[PDB]
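Participant: Questions regarding the structure given below will be posed in turn.
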Amino acid sequence: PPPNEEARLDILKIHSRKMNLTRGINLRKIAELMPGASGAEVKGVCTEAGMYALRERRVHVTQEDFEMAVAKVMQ
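Under the authors' numbering, the residues of the sequence shown are numbered -1 to 73, in order.
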């Protein structure tokens, strides 16, 4: 639970690099919702966002997938 905002965002950019992010997604806004998250939890938000997409037979991940993932992993 040590990575700061920029450190969190960097973890998000790294793991989203190969995902098919929908046009206009905002990873910084996702980082802002994660104060106090461990680096692993940030990674989890990426993978969990992907799972929400697959669950809906979607190859493209949306801001909502990410939003829902954050609440899932931390809440």
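Beta carbons are placed, not taken as given, at the ideal position from N, Cα and C, and that holds for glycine.
Just to confirm, are residue 0 and residue 42 a CB contact at a threshold of 9 angstroms?
Facilitator: Residue numbering aside, residue 0 sits at position 2 when the sequence shown is read from its first letter. Residue numbering aside, residue 42 sits at position 44 when the sequence shown is read from its first letter. No, Cβ-Cβ distance for residue 0 and residue 42 is not below 9 angstroms.
Participant: Looking only at C-alpha atoms, which of 39, 64, 40 and 35 sits nearest to residue 49?
Facilitator: Here residue 49 refers to the residue found at position 51 when the sequence shown is read from its first residue. It is 64 whose Cα lies nearest to the Cα of residue 49.
Participant: Answer with buried or exposed for residue 52, where buried requires no fewer than 16 other C-beta atoms within 10 angstroms of its C-beta.
Facilitator: Start at 1 with the first residue of the sequence shown, and residue 52 comes out as number 54. With fewer than 16 other Cβ atoms within 10 Å, it is exposed.
Participant: With DSSP run on the structure shown, which of helix, strand or coil describes residue 57?
Facilitator: What you label residue 57 is simply residue 59 of the sequence shown in a count that begins at 1. Correct three-state label for residue 57: coil.
Participant: From 47, 11, 9 and 56, pick the residue whose C-alpha is nearest to that of residue 62; which is it?
Facilitator: To locate residue 62, count along the sequence shown from 1; it is residue 64. Of the candidates 47, 11, 9 and 56, the one whose C-alpha sits nearest the C-alpha of residue 62 is 47.
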